[PDB]
Each structure stands twice: as structure tokens, then as C-alpha cells.
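Contents: one structure, followed by commentary.
Number of protein chains: 4
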Amino acid sequence: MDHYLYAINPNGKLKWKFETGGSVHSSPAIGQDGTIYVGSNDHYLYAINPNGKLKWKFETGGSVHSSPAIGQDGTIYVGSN
Amino acid sequence: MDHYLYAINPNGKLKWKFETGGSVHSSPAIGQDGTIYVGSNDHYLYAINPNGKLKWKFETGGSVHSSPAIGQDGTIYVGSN
Amino acid sequence: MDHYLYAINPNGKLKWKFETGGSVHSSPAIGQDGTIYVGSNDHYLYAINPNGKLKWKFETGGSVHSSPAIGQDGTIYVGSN
Amino acid sequence: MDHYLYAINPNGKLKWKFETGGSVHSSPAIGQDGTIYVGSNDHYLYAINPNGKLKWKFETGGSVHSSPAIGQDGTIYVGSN
């Protein structure tokens with residue numbers, strides 16, 4: 001499979017996709033600085049930069065179907081399976 | 001099973017329905033000009049006008065479960081299976 | 001099973017629950033007038049009043065795991081399975 | 001499998017994790033005082049402080065897949081299986 005997070009332009013064209021190690025069921029969230037957070041079936045929560053490069057990957061105990069929330073001070077909240 | 005994205009008035013009467021290729025697990029998102037986006041299990045991220053006409057669809061490698069998010073500049077982000 | 005939509009108070013106590021005909025996997029959305037919209041495994045999208053009584057129920061072709069969006073003019077958008 | 005709700009800093013380092021009873025499919029939501037809410041497959045809608053301490057949990061009849069929504073007045077809405 002593909003396992004990618006997609007970033008698509010208003011005109012229908014691709015901007016970038018980013019690869020995780022498993023399927024992306026989480027829905028993306030976007031913090032004040034433009035960072036995109038999303039979970040994967042591969043265990044991690046991923047921080048991707050607006051241009052599509054990894055920022056960091058945090059590792060939890062299981063797959064991530066829960067979708068992140070961002071609180072005022074920038075904390076990212078998400079559950080794990 | 002149904003497979004549509006439904007537009008329904010606050011009064012409860014249907015406004016329009018747009019048939020996609022498979023079940024819509026994806027929750028829609030609304031951009032600045034009012035375009036509605038939503039994944040489809042037919043592997044596409046769809047984008048609909050406020051009048052039920054297809055604007056465009058973007059082909060992903062797999063089923064799109066993830067619900068899209070929209071950045072400040074209109075970029076549409078979403079994950080695929 | 002229960003099939004209910006729950007409305008819980010900041011203090012942990014119950015305000016009301018509402019019964020559908022099947023399981024509630026959709027996540028709720030809230031329109032400007034306080035109306036709560038959510039889907040069910042039983043096929044319908046449900047409009048519930050702030051006090052917990054039905055407002056109307058719209059019927060689609062399949063179960064509703066997609067979660068609704070509300071656009072500016074009050075349209076409710078949701079997919080079906 | 002993991003079962004936690006994770007709080008992670010914008011820098012990527014863990015802030016706290018709060019163990020719930022089962023997998024967290026539910027996506028969290030953030031209220032006015034900063035309380036984080038989230039369902040759990042252990043049949044509860046949880047509510048966490050910004051410091052990883054349980055505020056309260058509310059027992060539903062079944063697994064809570066739905067992600068909560070919050071009204072103007074702080075009421076927490078959510079659906080159950």
C-alpha cells in the first residue's frame with residue numbers, strides 16, 4: 001500500500017505526499033505555525049513541515065486511529081489503539 | 001450502504017446528493033470559497049461545489065478513510081490507506 | 001445496545017441521552033442555533049434540539065460513519081456508507 | 001495496541017500519557033478551561049486536565065467511538081455504540 005499523507009492544491013494538483021510505515025486513518029490537524037500532525041497504523045504520531053519533510057516522529061504503543069487536537073499553547077493530543 | 005455525500009438543509013429537506021464510488025467514511029471539510037472536500041473508499045479525495053457539481057477528484061493509491069484538513073492558504077491535507 | 005447520543009455537563013453529570021435505531025459512530029456537529037447533528041448505524045442523520053428532543057431525522061441509503069460539517073449558511077454535509 | 005491518550009509537546013517530547021481502559025479510537029476535543037475529552041473503548045467518555053490527571057469519566061452503555069463536540073455553554077456531546 002501507499003501509507004502517505006497527502007497535501008493537495010486548491011486546483012486539484014499534488015503539492016507533496018509523505019510516507020509513513022503504515023496506513024493513515026487519523027485525520028490531520030494544523031497548528032498555528034502550519035505544522036501538520038496525523039497518526040498512522042505504524043504506531044507513530046508524525047509532525048510534518050509545511051513543505052512535506054518530517055519534523056519529528058513520536059512513537060506510541062499502538063496504531064493511531066484517533067485524530068489529534070491542538071490546544072492554545074500548542075500541545076498536541078491524540079490517542080492510540 | 002449508500003456511498004453518497006449528502007447536502008441537507010437546516011430544515012431537514014435534502015439539498016443535493018453527490019454519488020461517489022464507494023462508502024464515504026470520510027468526514028467533509030469546508031474551504032474558504034465553500035468547496036466541500038471528502039474522501040471516498042473508491043480511493044479518491046473528492047471536492048464538491050456548494051451546488052452538488054463535482055469540482056475535481058484526486059486519485060490516491062488506496063481507500064481514503066482520513067478526513068481532510070485545510071491550511072490557511074487553502075491547501076488540502078488528507079491521508080490514505 | 002444503547003445507540004444513544006449523549007449530552008454531558010462540565011461537572012460530569014448527564015444532561016440527556018437520545019436514542020437512535022443503531023450505533024452512533026459519527027461525531028457530533030453543532031450549528032449556530034445550538035442544534036446537534038450526528039449520524040447512526042441505523043441510516044439516518046439526526047437533528048436533535050438543545051434539550052434533547054428530535055428536530056427531524058433525514059434518511060439516507062446506508063449507515064452514517066462520516067461526521068457532519070456545517071457551512072456558513074447552515075447547510076449540513078455528511079456522507080453515508 | 002496501546003490504549004493511552006497522549007499529550008506531546010510541539011517539540012516532540014512527551015508531555016504526559018493518561019492510561020485509559022482500551023484503545024482510544026475517539027479523537028479528543030478541548031474545552032474552554034483546557035479540559036481534554038475523549039472516548040474510550042472501555043465504554044467511557046474521559047475528561048483530562050492539562051496535567052494528565054483524570055478530571056472525571058462518564059460511563060456509557062458501550063464502546064465510545066464518536067469524537068466529542070462542545071457547545072457554547074461547555075456541554076459535552078458524544079455518541080456511543
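Going down the list, the protein sequences come from chains B, A, B' and A'. A prime marks a further copy of an entry chain. Using the authors' numbering, you'd call the opening residue of the first sequence number 1 and step up by one each time. Using the authors' numbering, you'd call the opening residue of the second sequence number 1 and step up by one each time. Using the authors' numbering, you'd call the opening residue of the third sequence number 1 and step up by one each time. Using the authors' numbering, you'd call the opening residue of the fourth sequence number 1 and step up by one each time. In this text, a Cβ means the ideal position worked out from N, Cα and C, and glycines have one as well.
{"Item": "Pairwise C-alpha distance: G74/B and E19/A", "Value": "38 Å"}
{"Item": "Nearest residue (CA-CA) to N51/B', options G22/B', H25/B', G34/B'", "Value": "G34/B'"}
{"Item": "Cβ neighbours of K17/A in the same chain (closer than 6 Å, five flanking residues each side left out)", "Value": "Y4, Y6"}
{"Item": "Own chain partners of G79/A' with C-beta closer than 7 Å, once the 5 adjacent residues on each side are dropped", "Value": "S66"}
{"Item": "Per DSSP, cross-strand counterpart(s) of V24/B", "Value": "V24/B is not bridged to any residue."}
{"Item": "Partner residues on chain B' for residue 85/A, Cβ-Cβ distance less than 9 Å", "Value": "Chain A is shown only over 1 to 81; residue 85/A falls outside these bounds and no answer can be derived."}
{"Item": "C-alpha gap between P28/A' and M1/A, whole angstroms", "Value": "28 Å"}
{"Item": "Residue closest to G12/A', alpha-carbon to alpha-carbon, out of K57/B, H25/B, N11/B", "Value": "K57/B"}
{"Item": "Where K53/A' falls: helix, strand or coil (DSSP)", "Value": "coil"}
{"Item": "Residue nearest to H43/A in terms of C-alpha spacing, selected from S23/A, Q32/A, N49/A", "Value": "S23/A"}
{"Item": "Per-residue burial, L45/B [other beta carbons within 10 Å of its own, 16 or more giving buried]", "Value": "buried"}
{"Item": "Host beta strand (DSSP E) of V64/A (start-end)", "Value": "Run containing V64/A: none; DSSP gives neither H nor E here."}
{"Item": "Bridge partner(s) assigned by DSSP for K17/B", "Value": "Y6/B"}
{"Item": "Chain-ordered neighbours of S66/A' on chain B', where CB pairs are closer than 9 Å", "Value": "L5, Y6, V24, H25, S26, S27, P28, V38, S67"}
{"Item": "Beta carbon of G31/A nearer than 9 Å to that of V64/A", "Value": "no"}
{"Item": "Contacting residues, own chain, Cβ-Cβ under 8 Å from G62/A (five flanking each side not counted)", "Value": "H43, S80, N81"}
{"Item": "Minimum C-alpha distance to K53/B' - residue among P68/B', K15/B', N9/B'", "Value": "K15/B'"}
{"Item": "Where the beta strand (DSSP E) through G79/B begins and ends", "Value": "76-79"}
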